[PDB]
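One structure is given here, and the rest of the page talks about it.
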Amino acid sequence: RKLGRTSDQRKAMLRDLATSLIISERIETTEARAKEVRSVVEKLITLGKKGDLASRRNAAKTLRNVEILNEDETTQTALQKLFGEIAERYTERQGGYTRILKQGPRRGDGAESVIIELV
Amino acid sequence: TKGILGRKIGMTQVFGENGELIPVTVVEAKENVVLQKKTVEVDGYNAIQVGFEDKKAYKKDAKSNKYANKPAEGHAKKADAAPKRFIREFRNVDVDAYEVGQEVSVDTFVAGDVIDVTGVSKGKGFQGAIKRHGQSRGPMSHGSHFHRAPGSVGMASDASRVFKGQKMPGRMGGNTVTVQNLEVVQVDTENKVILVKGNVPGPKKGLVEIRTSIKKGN
Amino acid sequence: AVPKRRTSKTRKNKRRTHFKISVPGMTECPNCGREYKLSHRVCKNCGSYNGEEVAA
Amino acid sequence: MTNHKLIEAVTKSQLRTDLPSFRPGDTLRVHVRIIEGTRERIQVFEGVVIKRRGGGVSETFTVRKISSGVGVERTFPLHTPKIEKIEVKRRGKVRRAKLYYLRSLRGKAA
Amino acid sequence: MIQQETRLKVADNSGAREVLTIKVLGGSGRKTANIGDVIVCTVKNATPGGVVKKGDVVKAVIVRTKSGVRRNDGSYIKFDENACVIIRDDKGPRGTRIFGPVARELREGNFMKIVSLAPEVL
RNA sequence: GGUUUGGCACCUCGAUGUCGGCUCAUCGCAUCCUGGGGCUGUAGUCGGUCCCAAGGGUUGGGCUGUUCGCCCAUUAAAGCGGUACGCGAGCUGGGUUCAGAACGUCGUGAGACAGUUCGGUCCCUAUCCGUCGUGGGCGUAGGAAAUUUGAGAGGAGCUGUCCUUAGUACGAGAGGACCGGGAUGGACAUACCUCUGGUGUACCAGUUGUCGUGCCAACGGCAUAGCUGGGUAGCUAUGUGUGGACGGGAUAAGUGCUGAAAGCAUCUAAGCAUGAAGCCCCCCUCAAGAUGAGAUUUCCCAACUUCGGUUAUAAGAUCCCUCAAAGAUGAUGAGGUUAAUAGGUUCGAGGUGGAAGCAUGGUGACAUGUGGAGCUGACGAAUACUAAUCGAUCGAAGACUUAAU
Ligand SMILES: [Mg+2]
Ligand SMILES: [Mg+2]
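Residue numbers (the authors' numbering), protein chains in the order written: chain Q, 4 to 122; chain E, 2 to 219; chain 4, 2 to 57; chain S, 1 to 110; chain N, 1 to 122.
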């Protein structure tokens with residue numbers, strides 16, 4: 004367990020970060036939030052290997068109701084993408100891809116920043 | 002007279018033969034070994050130098066206590082022994098026994114025997130007065146503002162100093178402790194586990210230390 | 002509440018034997034030929050933590 | 001079960017079978033042993049099992065009678081050699097596992 | 001746990017129905033009490049008739065406590081209420097009946113006249 | 001004696017804030033309880049008086065602003081006092097020393113009490129000392145890791161009931177012992193969560209209104225965590241255990257032995273013993289910055305001719321990083337690819353308590369089966385898939401003088 008913020012706002016912040024990282028496959032953040040969203044998104048790639056309806060009814064909670072995506076002028080929803088695409092790369096592997104890179108600090112707040120990716 | 006080391010792992014339930022529930026501590030005397038024998042001839046006191054956890058051989062480019070610096074290895078090669086992490090002594094023992102470099106297996110102990118123990122206490126930070134010492138808090142309402150703080154230190158414009166023995170917020174934890182007059186329940190040599198009535202100052206996987214009681218009644 | 006006395010030029014300085022700051026970790030790059038800080042990224046050229054795995 | 005695998009292995013002996021396996025909401029005649037006055041006797045207690053907590057020897061239940069208008073509820077460790085025998089009679093149906101809604105005499109377990 | 005200014009029911013043929021716990025005899029300023037512990041009580045109401053009256057003050061012996069006792073076998077017990085019984089240092093009551101069952105550990109304190117009467121020793 | 005009511009007017013008027021209570025205690029002994037004793041108009045139990053002794057303990061409530069005091073019910077006892085009638089840069093602010101109003105009164109009157117009464121603003125971000133905890137630097141004639149002695153200091157120090165000895169001793173009887181042994185509890189102090197129960201905001205389930213996911217279904221957001229019922233780890237007291245001891249050394253009051261000065265008697269001057277919870281020693285803890293800087297085991301062991309000295313390195317530790325059994329920060333500890341340190345995965349415990357969908361029975365609300373189902377934060381093993389990469393820093397080459405081989 005770990006605290007960035009209050010209860011609610013933390014949670015929604017994590018549905019947000021984890022909603023991203025798949026839209027973009029990597030982001031730049033402070034280290035702490037990357038650790039927590041790592042745990043989450045690890046659990047979601049563990050989910051999207053199974054692929055049952057119920058699995059969608061568990062990825063529904065955390066991930067958002069929609070966030071549109073276009074690669075080839077295509078319509079996706081960050082859910083179709085997950086169970087349809089992502090896990091189909093890392094089936095032969097366990098969950099637990101995500102890696103972290105202690106990039107550098109930040110002039111404003113002195114906070115360490117990183118580049119967490121699933122690529 | 003005797004004594005060993007061990008590790009608090011956990012507490013459980015266990016029944017007497019009259020049906021009396023009896024609480025219990027678990028302790029593990031795994032890999033106890035004697036290393037060195039400190040005579041009065043040289044040092045000025047007769048005692049026994051001991052070791053508990055097997056650790057590993059010399060470094061090559063290596064690092065912390067999982068492995069072993071040379072001098073430890075220089076001490077454990079001595080009596081045909083593997084290097085050990087926790088070393089502790091035991092005075093008040095029949096030093097005529099315990100040749101340098103053997104084991105102190107649980108069989109020295111026996112059910113029914115009485116013992117004390119020793120161990121570090123638990124982690125606790127800057128704790129306020131009433132949690133460190135058990136002082137009594139102050140009023141809530143009726144308008145007060147003195148809820149928890151330690152009260153008036155001292156006397157007056159005379160007796161200006163503040164005496165040393167007062168009671169203030171400092172750490173609460175790390176302390177050697179002893180718990181006289183516990184009893185033993187059982188000795189399972191299979192897992193090399195022992196069981197001790199009552200409860201002991203320790204955290205899980207912490208250090209625990211034992212010896213035969215002194216205040217038997219004599 | 003307040004000071005009663007003037008804090009002299011000595012104690013104001015002895016008090017400041019600890020506002021120094023530590024020599025940060027440093028080491029040359031493995032194939033970016035320059036210094037950076039340990040268990041971190043280079044910020045250059047192509048990123049070199051074990052070699053390039055990034056652009057920025 | 002494992003908490004550490006050293007505790008579990010050595011507490012093995014105090015464990016025992018002859019335990020009717022069930023769920024809360026059971027009427028239950030507990031034929032229990034007693035000694036006092038040096039009289040080697042037994043008793044019998046009845047009622048509804050509120051609780052069943054804990055794994056291992058710590059395991060436990062809690063029963064309940066309403067003798068003489070006065071509520072009573074007793075809780076034993078499960079594996080006591082101070083118990084002789086157990087008899088489940090009925091078997092209940094409930095949407096709770098802990099039963100602390102129990103108060104006065106409209107409490108039909110159904 | 002039973003203590004000062006605690007109101008209880010009763011069990012006997014008194015003419016009284018509830019009491020008040022002034023003091024909780026023992027040691028040097030005990031605060032508490034449980035099963036078996038004699039106490040010094042008074043009377044805050046009454047059903048009509050019966051020997052005892054309002055304003056009276058007498059001892060009592062606690063039984064039917066709501067945070068029951070731990071038996072050394074590792075078994076516990078819990079009632080719902082609190083109660084007491086009136087007494088005269090015969091360690092035998094005034095009353096003629098006992099409603100409301102009893103807790104047995106009274107027996108260690110050598111009380112048997114009320115244990116003769118109680119459904120049931122429990 | 002200098003705790004009271006007083007006398008004095010020596011500090012204080014460019015401010016020394018006063019009563020009482022809360023938290024905190026600390027001390028004296030002219031002892032309130034326990035311990036030991038002497039005397040007795042002490043038969044015994046209970047007692048009265050005097051002596052030694054301050055090691056510990058010395059309660060809840062009613063009543064008033066209350067010291068005081070009366071009372072209830074307990075208790076072994078419910079001490080007397082000092083510390084700005086302890087403590088307000090720690091708290092209260094009920095009376096009293098502000099303004100309003102009013103009652104009796106005195107005054108021709110404004111207004112004032114010998115008084116009474118309803119109400120009435122309490123600031124201070126701690127520089128120094130002191131104190132509680134805790135890290136750096138240097139030193140202890142080379143450098144390191146471990147263990148440990150313990151001059152000193154601190155802490156603990158309380159006590160009832162009951163069975164027996166013995167219904168014996170004692171006394172006519174009523175009544176009713178020392179001594180000693182034995183179990184059992186109060187309060188207090190420490191340690192812990194296996195139990196009892198508490199909390200437990202990324203666990204579980206039910207559920208009200210509303211908005212959204214294009215709709216039904218199933219979900220999410222918000223509303224004190226929206227409320228309600230449970231509740232793992234962890235933290236916890238009312239829970240769980242444990243403890244004060246036993247014992248010895250020297251002692252005061254006191255009791256003696258031998259014995260003179262003083263042929264006797266004489267406890268004392270020469271001498272010998274004896275004797276309290278008191279002193280000390282033992283019990284728990286800290287502790288070599290005890291500058292008297294300790295002792296033991298083990299380890300590292302060059303080249304440069306400045307001769308004195310210099311060097312990058314050796315053993316080792318750190319910088320850096322993952323993390324808790326530790327944590328305000330720093331420190332301590334587990335660990336760093338020649339690896340299970342943390343995460344994740346797979347198992348498991350425990351917890352919640354019958355997922356979704358599907359079918360079936362229902363006009364439906366809903367039930368049954370599929371199924372001790374699904375879910376699961378901290379707990380337990382295994383699993384290198386990811387993250388502790390490559391690396392740099394610091395650190396000796398052992399002064400002299402005697403006396404030893
Ligand atoms: Mg009243
Ligand atoms: Mg619990």
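The C-beta atom is built at its ideal place from N, Cα and C for all residues, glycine as well.
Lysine 125 (chain E) burial status per 10 Å Cβ neighbour count (16 or more: buried) = Mapped onto the second sequence, residue 125 (chain E) falls at position 124. Counting every other CB atom within 10 Å of its CB across the protein chains shown gives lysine 125 (chain E) a total below 16, marking it as exposed.
query = Cα separation between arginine 91 (chain S) and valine 186 (chain E)?
reply = Translated into the one-based positions of the fourth sequence, residue 91 (chain S) becomes position 91. Translated into the one-based positions of the second sequence, residue 186 (chain E) becomes position 185. Going by the C-alpha atoms only, they are around 40 Å apart.
inquiry  = Is the beta carbon of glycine 55 (chain N) closer than 8 Å to that of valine 40 (chain N)?
reply    = In the fifth sequence, the residue the question calls residue 40 (chain N) occupies position 40. In the fifth sequence, the residue the question calls residue 55 (chain N) occupies position 55. Result no, Cβ atoms of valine 40 (chain N) and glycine 55 (chain N) do not sit closer than 8 Å.
task = Mind checking which residues open and close the beta strand (DSSP E) that includes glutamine 14 (chain E)?
result = Residue 14 (chain E) sits at position 13 when you count from the first residue of the second sequence. It spans 12-16 - the beta strand (DSSP E) in which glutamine 14 (chain E) sits, taken as one unbroken run.
message = For a quick check, are the C-beta atoms of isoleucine 50 (chain S) and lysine 5 (chain S) less than 8 Å apart?
response = Looking up residue 50 (chain S) in the fourth sequence gives position 50. Looking up residue 5 (chain S) in the fourth sequence gives position 5. In this structure, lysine 5 (chain S) does not lie closer than 8 Å to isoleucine 50 (chain S) by Cβ.
request  = Round the Cβ separation of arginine 17 (chain N) and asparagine 45 (chain N) to the nearest angstrom and send it over; I've been treating them as touching at under 8 Å.
outcome  = In the fifth sequence, counting from the first residue as 1, residue 17 (chain N) sits at position 17. In the fifth sequence, counting from the first residue as 1, residue 45 (chain N) sits at position 45. The beta-carbon separation of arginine 17 (chain N) and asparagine 45 (chain N), rounded to 6 Å, stays under the 8 Å limit for a contact.
For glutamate 74 (chain E), three-class secondary structure by DSSP = Here residue 74 (chain E) is taken as the residue at index 73 of the second sequence, counted from 1. Three-state result, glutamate 74 (chain E): helix.
message = Counting only C-beta atoms, is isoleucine 62 (chain N) closer than 8 Å to chain S at any point?
response = Walking along the fifth sequence from the start, residue 62 (chain N) turns up at place 62. With 8 Å as the cut-off, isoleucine 62 (chain N) does not count as an interface residue toward chain S.
query = If you compare alpha carbons, which of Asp18 (chain S), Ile42 (chain S), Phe22 (chain S) and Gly37 (chain S) is closest to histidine 31 (chain S)?
reply = Translated into the one-based positions of the fourth sequence, residue 31 (chain S) becomes position 31. When each option's Cα is compared against that of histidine 31 (chain S), the closest is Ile42 (chain S).
key: residue 1 (chain E) vs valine 35 (chain E) beta-carbon contact at 8 Å   = A query on residue 1 (chain E) cannot be resolved here, the shown segment of chain E reaching from 2 to 219 and no further.
message = In the DSSP assignment, the beta strand (DSSP E) including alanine 48 (chain E) goes from what residue to what residue?
response = Counting from one through the second sequence, the residue named residue 48 (chain E) turns up at place 47. From DSSP, the beta strand (DSSP E) with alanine 48 (chain E) extends over 48-52.
key: Nearest candidate by alpha-carbon position, reference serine 58 (chain S), set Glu40 (chain S), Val72 (chain S) and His79 (chain S)   = Walking along the fourth sequence from the start, residue 58 (chain S) turns up at place 58. Ranking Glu40 (chain S), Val72 (chain S) and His79 (chain S) by Cα distance to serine 58 (chain S) puts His79 (chain S) first.
query = Excluding the five sequence neighbours on either side, which residues of its own chain have a C-beta within less than 6 Å of the C-beta of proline 204 (chain E), listed in chain order?
reply = Translated into the one-based positions of the second sequence, residue 204 (chain E) becomes position 203. The answer, listed in chain order, is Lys123.
ask   = Going by Cα to Cα distance, which pick from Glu95 (chain Q), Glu28 (chain Q), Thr32 (chain Q) and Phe86 (chain Q) is closest to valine 117 (chain Q)?
value = For the purposes of this step, residue 117 (chain Q) is taken as the residue at position 114 of the first sequence. By alpha-carbon distance to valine 117 (chain Q), the top candidate from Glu95 (chain Q), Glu28 (chain Q), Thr32 (chain Q) and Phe86 (chain Q) is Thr32 (chain Q).
Listed by chain order, chain E residues near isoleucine 7 (chain S) by CB distance under 8 Å = Counted from its first residue, the fourth sequence places residue 7 (chain S) at position 7. Within chain E, the residues near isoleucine 7 (chain S) are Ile10, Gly11, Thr13 and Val27.
message = Short of 8 Å Cβ to Cβ, which residues in the segment 68-94 of chain S face chain N?
response = So the list reads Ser68, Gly69, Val70, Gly71, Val72, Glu73, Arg74, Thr75, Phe76, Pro77, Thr80 and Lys82, given in the order they occur along the chain.
ask   = Just reading off the beta strand (DSSP E) that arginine 52 (chain S) is part of, what are its end residues?
value = Position 52 of the fourth sequence, counting from 1, holds the residue named residue 52 (chain S). Run containing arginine 52 (chain S): 51-53, per the beta strand (DSSP E) assignment.
query = How long is the line joining the alpha carbons of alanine 83 (chain E) and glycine 4 (chain E), rounded to whole angstroms?
reply = The residue given as residue 83 (chain E) occupies position 82 in the second sequence. The residue given as residue 4 (chain E) occupies position 3 in the second sequence. So the alpha carbons of these two residues sit roughly 21 Å apart.
ask   = Can you tell me where the beta strand (DSSP E) with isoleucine 30 (chain Q) in it begins and where it stops?
value = Your numbering for residue 30 (chain Q) matches position 27 in the first sequence. First-last of the beta strand (DSSP E) with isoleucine 30 (chain Q): 29-33.
key: Pairwise C-alpha distance: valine 41 (chain E) and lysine 31 (chain N)   = Numbered from its first residue, the fifth sequence carries residue 31 (chain N) at position 31. Numbered from its first residue, the second sequence carries residue 41 (chain E) at position 40. The straight-line gap from Cα to Cα measures roughly 55 Å.
request  = Run the CB neighbour count on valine 10 (chain N), radius 10 Å, all protein chains shown included, and call it buried at 16 or more, exposed below.
outcome  = Mapped onto the fifth sequence, residue 10 (chain N) falls at position 10. Answer is buried; the Cβ neighbour count reaches 16.
query = What separation, rounded to the nearest whole angstrom, lies between the Cα atoms of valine 27 (chain E) and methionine 1 (chain S)?
reply = The sequence position of residue 27 (chain E) within the second sequence is 26, counting from 1. The sequence position of residue 1 (chain S) within the fourth sequence is 1, counting from 1. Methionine 1 (chain S) has its alpha-carbon roughly 18 Å from the corresponding atom of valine 27 (chain E).
key: Pair within 8 Å by beta-carbon distance, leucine 6 (chain E) and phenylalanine 87 (chain E)   = Position 5 of the second sequence holds residue 6 (chain E). Position 86 of the second sequence holds residue 87 (chain E). Yes, these two residues count as a Cβ contact at 8 Å.
request  = Quick one: give me the first and last residue of the beta strand (DSSP E) that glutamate 120 (chain Q) is part of.
outcome  = Within the first sequence, the letter at position 117 stands for residue 120 (chain Q). Element bounds for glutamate 120 (chain Q): 115-120.
ask   = By Cβ distance, which residues of its chain are closer than 6 Å to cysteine 47 (chain 4), with the 5 residues on each side in sequence left out?
value = Numbered from its first residue, the third sequence carries residue 47 (chain 4) at position 46. These residues qualify, in order along the chain: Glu53.
message = So, with DSSP's three-state summary, where would you put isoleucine 7 (chain S)?
response = Within the fourth sequence, the letter at position 7 stands for residue 7 (chain S). Here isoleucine 7 (chain S) carries a helix assignment [DSSP, helix/strand/coil].
ask   = Can we count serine 27 (chain Q) as close to ligand 4, meaning its CB is less than 7 Å from some heavy atom?
value = Although ligand 4 was asked about, the structure shown includes only ligand 1 and ligand 2 as ligands.
key: Cut-off 6 Å between Cβ atoms - residues of its own chain near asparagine 13 (chain N), not counting five sequence neighbours on either side   = Taking the fifth sequence and counting its residues from 1, the one referred to as residue 13 (chain N) is at position 13. Excluding positions up to five away in sequence, the list reads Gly95, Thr96 and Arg97.
query = Which residues of chain S have a Cβ atom closer than 8 Å to the Cβ of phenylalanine 164 (chain E), listed in chain order?
reply = Position 163 of the second sequence, counting from 1, holds the residue named residue 164 (chain E). At a beta-carbon threshold of 8 Å, none of the residues of chain S lie near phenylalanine 164 (chain E); the nearest stands roughly 48 Å away.
message = Restricting to runs no shorter than 3 residues, where is the beta strand (DSSP E) found entirely within the segment 54-103 of chain E?
response = Runs of the beta strand (DSSP E) inside the segment 54-103 of chain E: 88-91.
task = Using the DSSP secondary-structure output, state which residues sit across from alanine 37 (chain Q) in a beta bridge.
result = Working through the first sequence from its first residue, we reach residue 37 (chain Q) at position 34. Beta-bridge analysis with DSSP links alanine 37 (chain Q) to no other residue.
query = Would you say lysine 38 (chain Q) faces chain 4, with C-beta separation under 8 Å as the test?
reply = Position 35 of the first sequence, counted from the start, is the residue given in the question as residue 38 (chain Q). Not a single CB atom of chain 4 sits nearer than 8 Å to the CB of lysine 38 (chain Q).
Interfacial residues, the segment 67-98 of chain E to chain S, with Cβ spacing under 7 Å = Flagged: no residues at all.
request  = State the beta-bridge partners of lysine 65 (chain S) as determined by DSSP.
outcome  = Here residue 65 (chain S) corresponds to residue number 65 of the fourth sequence, with the count starting at 1. Answer is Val72 (chain S), bridged to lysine 65 (chain S).
task = List the residues of chain 4 that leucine 104 (chain Q) touches, going by C-beta distances under 8 Å, in chain order.
result = Along the first sequence, one-based indexing puts residue 104 (chain Q) at 101. Chain-order list of chain 4 residues neighbouring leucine 104 (chain Q): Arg42, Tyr50, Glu54 and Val55, by C-beta distance under 8 Å.
request  = Just the C-alpha distance for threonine 22 (chain Q) and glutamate 76 (chain Q), rounded to the nearest angstrom, thanks.
outcome  = Stepping through the first sequence from its first residue, residue 22 (chain Q) is reached at position 19. Stepping through the first sequence from its first residue, residue 76 (chain Q) is reached at position 73. In a straight line, the C-alpha of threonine 22 (chain Q) is about 20 Å away from that of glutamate 76 (chain Q).
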